[PDB]
file structure.cif (mmCIF, C-alpha atoms and all ligand atoms)
data_structure
loop_
_atom_site.label_atom_id
_atom_site.label_comp_id
_atom_site.auth_asym_id
_atom_site.auth_seq_id
_atom_site.Cartn_x
_atom_site.Cartn_y
_atom_site.Cartn_z
CA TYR A 1 117.88 131.26 127.32
CA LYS A 2 119.25 128.26 125.42
CA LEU A 3 121.22 128.49 122.21
CA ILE A 4 121.26 125.02 120.67
CA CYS A 5 123.54 124.67 117.64
CA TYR A 6 124.02 121.79 115.18
CA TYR A 7 127.32 120.79 113.59
CA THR A 8 127.32 118.34 110.68
CA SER A 9 129.94 115.63 110.14
CA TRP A 10 130.03 115.83 106.36
CA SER A 11 131.00 119.50 106.38
CA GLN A 12 134.61 118.40 106.80
CA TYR A 13 134.72 117.32 103.15
CA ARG A 14 133.83 120.66 101.57
CA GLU A 15 136.73 122.10 99.61
CA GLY A 16 138.86 125.03 100.64
CA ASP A 17 137.34 127.51 103.07
CA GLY A 18 134.08 125.58 103.09
CA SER A 19 135.84 122.88 105.12
CA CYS A 20 134.69 122.98 108.75
CA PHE A 21 135.95 121.04 111.80
CA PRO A 22 134.63 121.24 115.44
CA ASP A 23 137.86 123.13 115.73
CA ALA A 24 136.27 126.29 114.27
CA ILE A 25 133.44 126.41 116.81
CA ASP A 26 133.56 129.27 119.31
CA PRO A 27 133.12 127.59 122.71
CA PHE A 28 131.17 130.56 124.09
CA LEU A 29 128.74 131.10 121.21
CA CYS A 30 126.16 128.35 121.97
CA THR A 31 125.00 126.71 125.21
CA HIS A 32 124.58 123.32 123.52
CA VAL A 33 126.24 121.96 120.40
CA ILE A 34 124.80 118.87 118.76
CA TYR A 35 126.89 116.57 116.54
CA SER A 36 125.02 115.15 113.51
CA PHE A 37 124.53 112.28 112.93
CA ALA A 38 125.10 108.90 114.61
CA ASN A 39 124.05 105.58 112.92
CA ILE A 40 122.46 102.39 114.23
CA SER A 41 124.02 99.00 113.44
CA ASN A 42 122.92 95.70 114.97
CA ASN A 43 120.41 97.79 116.91
CA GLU A 44 123.05 99.81 118.73
CA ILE A 45 124.09 103.41 118.39
CA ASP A 46 127.26 103.61 116.32
CA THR A 47 129.59 105.99 114.50
CA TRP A 48 128.92 107.20 110.95
CA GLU A 49 132.06 108.77 109.48
CA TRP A 50 135.38 106.93 109.59
CA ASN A 51 136.94 109.62 111.79
CA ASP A 52 133.97 110.32 114.08
CA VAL A 53 135.82 109.25 117.22
CA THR A 54 138.55 111.78 116.41
CA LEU A 55 135.98 114.52 115.75
CA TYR A 56 133.97 113.59 118.88
CA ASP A 57 137.17 114.14 120.81
CA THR A 58 137.84 117.50 119.13
CA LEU A 59 134.32 118.83 119.76
CA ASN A 60 134.33 117.77 123.40
CA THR A 61 137.71 119.39 124.11
CA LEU A 62 135.92 122.73 123.65
CA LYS A 63 134.50 122.05 127.11
CA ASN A 64 138.00 122.59 128.46
CA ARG A 65 137.60 126.21 127.43
CA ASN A 66 133.93 126.67 128.36
CA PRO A 67 133.12 124.40 131.33
CA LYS A 68 129.41 125.19 130.98
CA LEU A 69 129.11 123.90 127.41
CA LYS A 70 126.88 120.81 126.91
CA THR A 71 127.26 118.53 123.89
CA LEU A 72 124.83 116.01 122.45
CA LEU A 73 124.96 113.34 119.77
CA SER A 74 122.06 113.21 117.33
CA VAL A 75 120.77 109.91 115.86
CA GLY A 76 118.94 109.80 112.57
CA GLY A 77 118.90 112.64 110.08
CA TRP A 78 117.68 112.66 106.47
CA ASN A 79 120.12 110.14 105.05
CA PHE A 80 118.83 107.70 107.62
CA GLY A 81 115.72 105.85 106.48
CA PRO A 82 112.67 106.65 108.63
CA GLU A 83 111.60 103.01 108.13
CA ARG A 84 114.81 101.95 109.86
CA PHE A 85 113.73 103.94 112.90
CA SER A 86 110.23 102.58 112.55
CA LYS A 87 111.61 99.04 112.60
CA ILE A 88 113.75 99.53 115.73
CA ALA A 89 111.00 101.20 117.76
CA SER A 90 108.15 98.77 116.91
CA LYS A 91 109.70 95.58 118.28
CA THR A 92 110.10 96.09 122.03
CA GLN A 93 113.15 93.83 121.92
CA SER A 94 115.26 95.79 119.43
CA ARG A 95 114.11 98.95 121.19
CA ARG A 96 115.51 97.79 124.54
CA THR A 97 118.73 96.69 122.84
CA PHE A 98 119.17 100.15 121.31
CA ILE A 99 118.25 102.05 124.46
CA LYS A 100 120.70 100.04 126.57
CA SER A 101 123.54 100.72 124.14
CA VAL A 102 123.30 104.49 124.42
CA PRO A 103 124.57 105.60 127.86
CA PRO A 104 127.96 103.80 127.63
CA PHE A 105 128.56 105.15 124.12
CA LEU A 106 127.79 108.68 125.23
CA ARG A 107 129.96 108.28 128.31
CA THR A 108 132.93 106.86 126.35
CA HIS A 109 133.03 109.79 123.92
CA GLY A 110 132.10 112.49 126.38
CA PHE A 111 128.63 113.62 125.29
CA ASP A 112 126.11 115.05 127.76
CA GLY A 113 123.04 113.72 126.02
CA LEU A 114 121.21 112.26 123.06
CA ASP A 115 119.20 114.05 120.39
CA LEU A 116 116.53 112.12 118.47
CA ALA A 117 116.19 113.02 114.80
CA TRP A 118 113.58 110.60 113.40
CA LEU A 119 112.42 112.34 110.23
CA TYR A 120 109.58 111.65 110.27
CA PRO A 121 107.29 109.36 112.29
CA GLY A 122 104.18 108.27 110.43
CA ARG A 123 100.66 107.43 111.63
CA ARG A 124 101.66 103.87 112.59
CA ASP A 125 104.76 105.14 114.42
CA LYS A 126 103.15 107.56 116.87
CA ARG A 127 102.65 105.07 119.72
CA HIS A 128 106.13 103.56 119.38
CA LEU A 129 107.71 107.02 119.26
CA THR A 130 106.16 107.71 122.66
CA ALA A 131 107.44 104.40 124.03
CA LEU A 132 110.96 105.03 122.71
CA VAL A 133 111.08 108.41 124.43
CA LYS A 134 109.49 107.17 127.65
CA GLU A 135 111.87 104.21 127.98
CA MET A 136 115.01 106.01 126.86
CA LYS A 137 114.50 108.66 129.56
CA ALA A 138 113.74 106.00 132.17
CA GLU A 139 117.10 104.45 131.27
CA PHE A 140 118.79 107.84 131.67
CA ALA A 141 117.30 108.38 135.15
CA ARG A 142 118.44 104.91 136.19
CA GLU A 143 121.95 105.44 134.82
CA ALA A 144 122.44 108.63 136.84
CA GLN A 145 122.30 106.55 140.04
CA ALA A 146 125.93 105.74 139.24
CA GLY A 147 126.75 109.16 140.61
CA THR A 148 127.15 111.05 137.36
CA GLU A 149 125.06 113.88 135.89
CA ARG A 150 121.88 112.68 134.11
CA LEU A 151 122.24 112.58 130.36
CA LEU A 152 119.91 114.90 128.44
CA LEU A 153 117.28 113.70 125.97
CA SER A 154 115.97 115.97 123.22
CA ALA A 155 114.18 115.63 119.90
CA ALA A 156 114.00 117.46 116.59
CA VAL A 157 110.32 117.80 115.64
CA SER A 158 108.49 118.69 112.41
CA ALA A 159 106.82 122.11 112.32
CA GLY A 160 104.13 121.03 109.83
CA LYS A 161 100.59 120.76 111.21
CA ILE A 162 99.80 117.61 109.21
CA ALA A 163 103.09 115.94 110.14
CA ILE A 164 102.51 116.78 113.81
CA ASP A 165 98.93 115.50 114.00
CA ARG A 166 99.99 112.45 112.03
CA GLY A 167 102.94 111.13 114.02
CA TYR A 168 103.46 112.80 117.40
CA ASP A 169 101.79 112.57 120.80
CA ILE A 170 103.18 115.97 121.86
CA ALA A 171 101.51 116.11 125.28
CA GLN A 172 103.19 112.78 126.06
CA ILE A 173 106.75 113.24 124.80
CA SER A 174 107.03 116.75 126.22
CA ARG A 175 107.04 115.35 129.74
CA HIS A 176 110.05 113.09 129.14
CA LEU A 177 112.13 115.25 126.77
CA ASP A 178 114.49 117.89 128.14
CA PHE A 179 113.83 120.13 125.14
CA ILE A 180 112.06 120.01 121.80
CA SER A 181 113.52 121.65 118.70
CA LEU A 182 110.92 122.89 116.21
CA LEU A 183 112.07 122.49 112.59
CA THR A 184 110.48 125.82 111.66
CA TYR A 185 112.36 126.20 108.38
CA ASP A 186 110.83 123.59 106.09
CA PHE A 187 107.68 125.40 104.97
CA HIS A 188 107.79 125.35 101.17
CA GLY A 189 107.33 121.80 99.98
CA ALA A 190 109.80 120.70 97.32
CA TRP A 191 106.58 119.28 95.90
CA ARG A 192 105.30 122.44 94.23
CA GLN A 193 106.52 124.55 91.36
CA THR A 194 106.05 128.13 92.55
CA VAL A 195 108.42 130.45 94.38
CA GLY A 196 108.13 130.68 98.17
CA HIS A 197 109.96 131.29 101.44
CA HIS A 198 110.80 128.19 103.48
CA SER A 199 110.97 129.96 106.86
CA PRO A 200 108.45 132.80 107.13
CA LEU A 201 107.77 134.06 110.64
CA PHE A 202 104.21 135.18 109.99
CA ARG A 203 101.31 134.13 107.80
CA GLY A 204 101.55 136.84 105.17
CA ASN A 205 98.32 138.82 104.80
CA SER A 206 98.27 138.00 101.08
CA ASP A 207 97.23 134.34 100.84
CA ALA A 208 94.23 132.38 102.11
CA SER A 209 95.77 128.84 102.16
CA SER A 210 98.52 126.84 103.88
CA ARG A 212 98.03 129.36 106.69
CA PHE A 213 99.79 126.65 108.67
CA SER A 214 103.20 127.13 107.04
CA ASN A 215 104.92 129.76 109.19
CA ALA A 216 106.79 129.79 112.50
CA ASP A 217 104.06 131.69 114.35
CA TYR A 218 101.41 129.07 113.62
CA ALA A 219 103.70 126.14 114.44
CA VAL A 220 104.51 127.58 117.86
CA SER A 221 100.92 128.48 118.80
CA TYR A 222 99.87 124.96 117.82
CA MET A 223 102.57 123.20 119.84
CA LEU A 224 101.69 125.33 122.85
CA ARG A 225 98.08 124.25 122.31
CA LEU A 226 98.79 120.53 121.96
CA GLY A 227 100.38 120.71 125.41
CA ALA A 228 104.07 121.38 124.91
CA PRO A 229 105.36 123.59 127.74
CA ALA A 230 106.90 126.81 126.48
CA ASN A 231 109.97 126.31 128.68
CA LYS A 232 110.81 123.14 126.73
CA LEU A 233 110.14 124.56 123.23
CA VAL A 234 113.10 125.64 121.11
CA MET A 235 112.47 127.47 117.82
CA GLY A 236 114.63 126.54 114.82
CA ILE A 237 116.43 129.24 112.85
CA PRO A 238 118.05 128.38 109.48
CA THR A 239 121.54 129.46 108.53
CA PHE A 240 121.08 128.36 104.95
CA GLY A 241 118.87 129.40 102.06
CA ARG A 242 116.84 127.53 99.48
CA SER A 243 117.36 128.31 95.80
CA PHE A 244 115.13 128.01 92.73
CA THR A 245 115.78 128.27 89.01
CA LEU A 246 113.05 130.50 87.53
CA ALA A 247 110.85 129.39 84.63
CA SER A 248 110.03 132.95 83.54
CA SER A 249 111.15 136.53 84.13
CA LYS A 250 108.53 136.90 86.88
CA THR A 251 110.30 137.34 90.19
CA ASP A 252 107.53 138.07 92.76
CA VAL A 253 105.09 135.76 94.63
CA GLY A 254 103.60 132.86 92.75
CA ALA A 255 106.27 133.19 90.04
CA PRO A 256 106.78 129.81 88.34
CA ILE A 257 109.68 127.42 88.92
CA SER A 258 111.51 124.93 86.71
CA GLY A 259 113.45 123.21 89.49
CA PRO A 260 115.97 123.90 92.30
CA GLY A 261 118.64 126.58 91.97
CA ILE A 262 122.09 125.65 90.69
CA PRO A 263 124.47 124.23 93.33
CA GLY A 264 126.77 126.38 95.42
CA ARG A 265 130.52 126.24 94.88
CA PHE A 266 131.38 124.90 98.35
CA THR A 267 128.13 123.25 99.32
CA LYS A 268 127.55 121.53 95.97
CA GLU A 269 123.88 120.64 96.49
CA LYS A 270 121.03 121.69 94.21
CA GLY A 271 118.41 123.76 96.00
CA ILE A 272 120.60 124.75 98.98
CA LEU A 273 123.13 127.52 99.71
CA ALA A 274 125.18 128.26 102.81
CA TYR A 275 124.83 131.71 104.28
CA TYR A 276 128.44 132.49 103.39
CA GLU A 277 127.58 131.51 99.81
CA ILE A 278 124.60 133.87 99.92
CA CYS A 279 126.85 136.69 101.05
CA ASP A 280 128.80 136.20 97.83
CA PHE A 281 125.66 135.65 95.75
CA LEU A 282 124.25 139.01 96.90
CA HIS A 283 126.79 141.01 94.89
CA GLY A 284 124.90 142.02 91.77
CA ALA A 285 121.64 140.66 93.13
CA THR A 286 118.36 142.42 93.80
CA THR A 287 117.24 142.10 97.41
CA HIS A 288 113.58 142.12 98.40
CA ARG A 289 111.74 141.40 101.62
CA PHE A 290 108.29 139.98 102.31
CA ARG A 291 106.85 142.49 104.75
CA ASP A 292 104.05 140.40 106.28
CA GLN A 293 106.31 137.35 106.54
CA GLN A 294 109.36 139.45 107.50
CA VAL A 295 111.97 137.41 105.63
CA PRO A 296 114.20 138.35 102.68
CA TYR A 297 114.82 136.91 99.22
CA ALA A 298 117.18 137.73 96.37
CA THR A 299 117.42 137.31 92.61
CA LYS A 300 120.17 137.26 90.01
CA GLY A 301 119.58 136.18 86.42
CA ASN A 302 117.23 133.19 86.58
CA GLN A 303 118.18 132.37 90.19
CA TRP A 304 115.82 133.06 93.10
CA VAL A 305 116.90 132.66 96.74
CA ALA A 306 114.82 132.62 99.94
CA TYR A 307 117.05 133.17 102.97
CA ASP A 308 117.63 134.73 106.38
CA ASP A 309 119.83 137.68 107.25
CA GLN A 310 120.82 139.22 110.57
CA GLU A 311 117.67 141.27 110.92
CA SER A 312 115.16 138.51 110.17
CA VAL A 313 117.12 136.30 112.50
CA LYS A 314 117.03 138.95 115.25
CA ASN A 315 113.34 139.33 114.55
CA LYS A 316 112.71 135.62 115.08
CA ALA A 317 114.74 135.74 118.31
CA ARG A 318 112.59 138.60 119.66
CA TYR A 319 109.44 136.71 118.71
CA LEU A 320 110.65 133.65 120.59
CA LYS A 321 111.38 135.74 123.72
CA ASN A 322 108.04 137.52 123.61
CA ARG A 323 106.31 134.15 123.58
CA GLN A 324 108.68 133.00 126.33
CA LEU A 325 110.10 129.88 124.70
CA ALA A 326 113.17 128.13 126.12
CA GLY A 327 115.52 129.46 123.45
CA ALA A 328 116.62 129.06 119.84
CA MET A 329 118.06 126.27 117.71
CA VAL A 330 120.40 126.93 114.78
CA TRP A 331 120.89 124.66 111.78
CA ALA A 332 123.75 124.72 111.24
CA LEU A 333 127.05 126.22 112.45
CA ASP A 334 128.99 125.05 109.39
CA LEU A 335 126.59 126.92 107.07
CA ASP A 336 126.96 130.22 108.90
CA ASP A 337 130.00 132.34 107.96
CA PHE A 338 132.14 130.55 110.55
CA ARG A 339 135.43 131.83 109.09
CA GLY A 340 133.88 135.28 108.96
CA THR A 341 135.64 136.07 105.69
CA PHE A 342 132.68 135.98 103.28
CA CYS A 343 130.05 138.36 104.64
CA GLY A 344 131.76 141.73 104.74
CA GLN A 345 131.95 142.60 108.46
CA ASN A 346 134.90 140.70 109.95
CA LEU A 347 132.58 138.96 112.41
CA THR A 348 132.79 135.20 112.94
CA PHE A 349 129.32 133.46 112.76
CA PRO A 350 127.27 136.56 111.77
CA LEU A 351 123.85 134.88 111.97
CA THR A 352 124.38 132.85 115.14
CA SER A 353 125.85 135.90 116.93
CA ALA A 354 122.87 138.05 115.99
CA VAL A 355 120.60 135.45 117.61
CA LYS A 356 122.76 135.36 120.74
CA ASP A 357 122.80 139.15 121.06
CA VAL A 358 119.02 139.38 121.16
CA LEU A 359 118.81 136.48 123.62
CA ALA A 360 121.30 138.15 125.98
CA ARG A 361 119.25 141.38 126.10
CA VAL A 362 116.73 139.57 128.39
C1 LIG B 401 120.30 122.13 104.33
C2 LIG B 401 120.93 120.84 104.82
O1 LIG B 401 121.70 120.86 105.78
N1 LIG B 401 120.61 119.71 104.17
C3 LIG B 401 121.07 118.43 104.70
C4 LIG B 401 121.80 117.58 103.66
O2 LIG B 401 122.95 118.28 103.21
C5 LIG B 401 122.23 116.24 104.30
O3 LIG B 401 122.71 115.33 103.30
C6 LIG B 401 124.08 115.20 103.26
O4 LIG B 401 124.49 115.41 101.93
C7 LIG B 401 125.92 115.50 101.81
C8 LIG B 401 126.18 115.79 100.35
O5 LIG B 401 124.96 115.88 99.62
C9 LIG B 401 126.59 114.20 102.29
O6 LIG B 401 128.01 114.43 102.40
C10 LIG B 401 128.81 113.46 101.82
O7 LIG B 401 129.20 112.53 102.84
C11 LIG B 401 129.96 111.46 102.28
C12 LIG B 401 129.93 110.30 103.26
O8 LIG B 401 130.18 110.73 104.59
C13 LIG B 401 131.33 112.00 101.88
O9 LIG B 401 132.16 110.95 101.41
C14 LIG B 401 131.11 113.04 100.77
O10 LIG B 401 132.35 113.68 100.48
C15 LIG B 401 130.03 114.11 101.12
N2 LIG B 401 129.54 114.69 99.88
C16 LIG B 401 129.66 115.99 99.59
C17 LIG B 401 128.44 116.72 99.07
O11 LIG B 401 130.73 116.60 99.70
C18 LIG B 401 126.05 113.74 103.66
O12 LIG B 401 126.49 112.41 103.93
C19 LIG B 401 124.53 113.80 103.70
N3 LIG B 401 124.06 113.50 105.03
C20 LIG B 401 124.15 112.26 105.50
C21 LIG B 401 124.19 112.06 107.00
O13 LIG B 401 124.21 111.27 104.75
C22 LIG B 401 121.13 115.54 105.11
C23 LIG B 401 121.79 114.56 106.06
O14 LIG B 401 120.99 113.41 106.30
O15 LIG B 401 120.42 116.49 105.92
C24 LIG B 401 119.90 117.60 105.19
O16 LIG B 401 119.12 118.37 106.03
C1 LIG B 402 124.47 102.05 109.33
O1 LIG B 402 124.17 100.77 109.89
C2 LIG B 402 123.53 99.93 108.92
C3 LIG B 402 122.81 98.82 109.65
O2 LIG B 402 123.73 97.93 110.27
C4 LIG B 402 124.53 99.50 107.85
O3 LIG B 402 123.80 98.73 106.88
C5 LIG B 402 124.45 98.12 105.82
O4 LIG B 402 125.28 97.07 106.36
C6 LIG B 402 126.02 96.26 105.37
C7 LIG B 402 127.33 96.97 105.10
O5 LIG B 402 127.20 97.88 104.02
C8 LIG B 402 125.25 96.15 104.03
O6 LIG B 402 125.71 95.02 103.21
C9 LIG B 402 125.43 93.63 103.30
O7 LIG B 402 126.47 93.04 104.09
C10 LIG B 402 126.73 91.59 103.98
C11 LIG B 402 128.18 91.43 104.43
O8 LIG B 402 128.28 90.67 105.63
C12 LIG B 402 126.64 91.04 102.54
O9 LIG B 402 126.69 89.62 102.55
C13 LIG B 402 125.37 91.47 101.84
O10 LIG B 402 125.44 91.04 100.48
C14 LIG B 402 125.27 93.00 101.87
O11 LIG B 402 126.22 93.51 100.95
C15 LIG B 402 123.74 96.24 104.19
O12 LIG B 402 123.16 96.35 102.91
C16 LIG B 402 123.34 97.52 104.95
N1 LIG B 402 122.16 97.27 105.76
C17 LIG B 402 121.11 98.08 105.71
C18 LIG B 402 121.23 99.40 104.95
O13 LIG B 402 120.03 97.81 106.25
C19 LIG B 402 125.06 100.74 107.17
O14 LIG B 402 126.18 100.40 106.37
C20 LIG B 402 125.46 101.85 108.16
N2 LIG B 402 125.60 103.08 107.41
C21 LIG B 402 126.78 103.66 107.42
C22 LIG B 402 127.06 104.78 106.43
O15 LIG B 402 127.66 103.32 108.20
#

call {"tool": "encode", "arguments": {"input": "structure.cif", "output": "structure tokens", "more": "lines below"}}
Ligand SMILES: CC(=O)N[C@@H]1[C@@H](O)[C@H](O[C@@H]2O[C@H](CO)[C@@H](O[C@@H]3O[C@H](CO)[C@@H](O)[C@H](O)[C@H]3NC(C)=O)[C@H](O)[C@H]2NC(C)=O)[C@@H](CO)O[C@H]1O
Ligand SMILES: *[C@@H]1O[C@H](CO)[C@@H](O[C@H]2O[C@H](CO)[C@@H](O[C@@H]3O[C@H](CO)[C@@H](O)[C@H](O)[C@@H]3O)[C@H](O)[C@H]2NC(C)=O)[C@H](O)[C@H]1NC(C)=O
result
Amino acid sequence: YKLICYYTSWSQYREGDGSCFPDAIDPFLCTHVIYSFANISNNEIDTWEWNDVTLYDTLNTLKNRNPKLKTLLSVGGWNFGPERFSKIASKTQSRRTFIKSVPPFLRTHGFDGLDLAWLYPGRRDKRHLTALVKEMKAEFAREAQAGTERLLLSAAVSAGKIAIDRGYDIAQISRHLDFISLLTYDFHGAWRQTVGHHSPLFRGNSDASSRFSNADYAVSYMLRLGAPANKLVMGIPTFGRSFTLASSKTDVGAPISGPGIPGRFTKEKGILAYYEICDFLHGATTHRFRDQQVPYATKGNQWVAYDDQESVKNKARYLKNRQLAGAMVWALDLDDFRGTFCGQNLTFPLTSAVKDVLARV
């Protein structure tokens, strides 16, 4: 089984204990660690943060401890305009320029592959997406003739039915990609004003619509569109999504006024790190959707949909029973990496729980 884990560059700026450097990553926890995110300038892959080359170096030295660890560099992300991707992939000339620039960059900094994070391709992008993947892999096969291990190519894919039908030729890109990460944790659209869980495993016997917004559906669909199970990696969140309540109603369908107040270390409305949730739980009322099998909490006018060790173990069992390639975690720096916030003196509570289940066979 594969345990693919993301590390974000900007987590270095969080104050105090929230500050996280590649340094904190346990080299034996994951099988693959992906660094997010790289930029594109003059149609070439390029660094993002001023100290990326120092951090690249730090992350890749972990391979001196665990020789079997693979690292990848991810391009794109949310703060990268999807149009910018759209523009590079559409003109076969800027596409070739970008593709060509990747292997040397990866080789200079020591990465073992490239992760594509185009969020998200639209209807007019589908065909170009396929071409970008096809050609990038062809370039990787050709570069391995130099006598070095082929670089890996992976992609982070939307888990929404509409998004998938709209911009991805799954049967096509699955043949060229080494693995596909399913973003199965973005299921409650910031668009509506009701309370809901962003990463339910199952449909939830109490609701006739949006039966497409749960991990189980997303996986069954991908397997149907033609994605081989041994290439599919299911995403597991290490963060929670918060909401400020509009009334004293706390159960399903309860109304919302907007996102929850920011976390002290994460400082971003609507999001909380797991270690921040561990603190938030004190004095909070914990509940759990039984059909969906995911927990949520409430304190004052704050409502939080998250994942704990047992829902995370649950998801990992699910993934094994359906025989997928492994699990993907977003993101290491949101888990209790210091291990000093969530009670039990365990480092990376959530990611470890996932690894334990995966090691059982
Ligand atoms: C749940 C989750 O991971 N959400 C992701 C977003 O957090 C993320 O946006 C990032 O936001 C943070 C802050 O909102 C940005 O960090 C800032 O980075 C700048 C420039 O490097 C630095 O000077 C600031 O100190 C730092 N601000 C903070 C809050 O301390 C970060 O740059 C954003 N990401 C990027 C690459 O721009 C986006 C990332 O696209 O992904 C969400 O999934
Ligand atoms: C990721 O790469 C982007 C694409 O190369 C890069 O885009 C930006 O590049 C420059 C620098 O900020 C911006 O500014 C312009 O630069 C010329 C200076 O030669 C000025 O004459 C002009 O007035 C303008 O200020 C562009 O606006 C901008 N291009 C974009 C967004 O398409 C990004 O800076 C880079 N992102 C990061 C964080 O590195």

call {"tool": "residues_around", "arguments": {"input": "structure.cif", "residues": "range 74-78 of chain A", "least_positions_apart": "5", "cutoff": "7 Å", "atoms": "all atoms listed in the file", "output": "list in words"}}
result
residues 34, 35, 36, 37, 38, 39, 114, 115, 116, 117, 118 and 119 of chain A

call {"tool": "residues_near_point", "arguments": {"input": "structure.cif", "point": "(119.1, 137.3, 112.7)", "cutoff": "6 Å", "atoms": "only C-alpha atoms", "output": "MDAnalysis selection string"}}
result
chainID A and resid 309:314 351 354:355

call {"tool": "closest_residue", "arguments": {"input": "structure.cif", "among": "A:149, A:357, A:23, A:15", "to": "ligand LIG 401 (chain B)", "atoms": "only C-alpha atoms and all ligand atoms"}}
result
A:15

call {"tool": "residues_near_ligand", "arguments": {"input": "structure.cif", "ligand": "ligand LIG 401 (chain B)", "cutoff": "6 Å", "atoms": "only C-alpha atoms and all ligand atoms", "output": "list in words"}}
result
residues 10, 13, 14, 37, 49, 77, 78, 79, 268, 269 and 272 of chain A

call {"tool": "closest_residue", "arguments": {"input": "structure.cif", "among": "A:129, A:201, A:190, A:40", "to": "ligand LIG 402 (chain B)", "atoms": "only C-alpha atoms and all ligand atoms"}}
result
A:40

call {"tool": "closest_residue", "arguments": {"input": "structure.cif", "among": "A:264, A:178, A:29, A:120", "to": "residue 349 in chain A", "atoms": "only C-alpha atoms"}}
result
A:29

call {"tool": "atom_distance", "arguments": {"input": "structure.cif", "atom1": "atom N2 of ligand LIG 402 (chain B)", "atom2": "CA of residue 157 in chain A"}}
result
22.8 Å

call {"tool": "closest_residue", "arguments": {"input": "structure.cif", "among": "A:44, A:292, A:125, A:280", "to": "ligand LIG 402 (chain B)", "atoms": "all atoms listed in the file"}}
result
A:44

call {"tool": "build_atoms", "arguments": {"input": "structure.cif", "residues": "range 235-246 of chain A", "atoms": "N, CA, C and O atoms", "output": "PDB file, in the coordinates of the input"}}
result
ATOM      1  N   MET A 235     112.780 127.130 119.209  1.00  0.00           N
ATOM      2  CA  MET A 235     112.470 127.470 117.820  1.00  0.00           C
ATOM      3  C   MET A 235     113.676 127.439 116.869  1.00  0.00           C
ATOM      4  O   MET A 235     114.680 128.113 117.096  1.00  0.00           O
ATOM      5  N   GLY A 236     113.549 126.673 115.786  1.00  0.00           N
ATOM      6  CA  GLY A 236     114.630 126.540 114.820  1.00  0.00           C
ATOM      7  C   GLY A 236     114.822 127.721 113.890  1.00  0.00           C
ATOM      8  O   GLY A 236     113.859 128.251 113.335  1.00  0.00           O
ATOM      9  N   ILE A 237     116.077 128.121 113.716  1.00  0.00           N
ATOM     10  CA  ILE A 237     116.430 129.240 112.850  1.00  0.00           C
ATOM     11  C   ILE A 237     117.471 128.748 111.845  1.00  0.00           C
ATOM     12  O   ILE A 237     118.553 128.287 112.217  1.00  0.00           O
ATOM     13  N   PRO A 238     117.145 128.831 110.547  1.00  0.00           N
ATOM     14  CA  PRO A 238     118.050 128.380 109.480  1.00  0.00           C
ATOM     15  C   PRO A 238     119.205 129.326 109.227  1.00  0.00           C
ATOM     16  O   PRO A 238     119.083 130.542 109.367  1.00  0.00           O
ATOM     17  N   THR A 239     120.324 128.742 108.829  1.00  0.00           N
ATOM     18  CA  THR A 239     121.540 129.460 108.530  1.00  0.00           C
ATOM     19  C   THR A 239     121.882 129.248 107.068  1.00  0.00           C
ATOM     20  O   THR A 239     122.958 129.620 106.592  1.00  0.00           O
ATOM     21  N   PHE A 240     120.934 128.649 106.362  1.00  0.00           N
ATOM     22  CA  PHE A 240     121.080 128.360 104.950  1.00  0.00           C
ATOM     23  C   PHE A 240     119.892 128.949 104.197  1.00  0.00           C
ATOM     24  O   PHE A 240     118.944 129.451 104.804  1.00  0.00           O
ATOM     25  N   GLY A 241     119.951 128.885 102.872  1.00  0.00           N
ATOM     26  CA  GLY A 241     118.870 129.400 102.060  1.00  0.00           C
ATOM     27  C   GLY A 241     118.456 128.332 101.069  1.00  0.00           C
ATOM     28  O   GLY A 241     119.168 127.358 100.861  1.00  0.00           O
ATOM     29  N   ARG A 242     117.292 128.492 100.469  1.00  0.00           N
ATOM     30  CA  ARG A 242     116.840 127.530  99.480  1.00  0.00           C
ATOM     31  C   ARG A 242     116.730 128.271  98.150  1.00  0.00           C
ATOM     32  O   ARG A 242     116.132 129.344  98.057  1.00  0.00           O
ATOM     33  N   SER A 243     117.348 127.703  97.125  1.00  0.00           N
ATOM     34  CA  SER A 243     117.360 128.310  95.800  1.00  0.00           C
ATOM     35  C   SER A 243     116.414 127.670  94.792  1.00  0.00           C
ATOM     36  O   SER A 243     116.064 126.500  94.906  1.00  0.00           O
ATOM     37  N   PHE A 244     116.020 128.458  93.798  1.00  0.00           N
ATOM     38  CA  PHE A 244     115.130 128.010  92.730  1.00  0.00           C
ATOM     39  C   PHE A 244     115.565 128.606  91.391  1.00  0.00           C
ATOM     40  O   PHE A 244     115.976 129.768  91.316  1.00  0.00           O
ATOM     41  N   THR A 245     115.467 127.804  90.342  1.00  0.00           N
ATOM     42  CA  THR A 245     115.780 128.270  89.010  1.00  0.00           C
ATOM     43  C   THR A 245     114.410 128.721  88.482  1.00  0.00           C
ATOM     44  O   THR A 245     113.449 127.957  88.515  1.00  0.00           O
ATOM     45  N   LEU A 246     114.318 129.963  88.027  1.00  0.00           N
ATOM     46  CA  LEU A 246     113.050 130.500  87.530  1.00  0.00           C
ATOM     47  C   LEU A 246     112.662 129.984  86.148  1.00  0.00           C
ATOM     48  O   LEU A 246     113.518 129.705  85.312  1.00  0.00           O
TER      49      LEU A 246
END
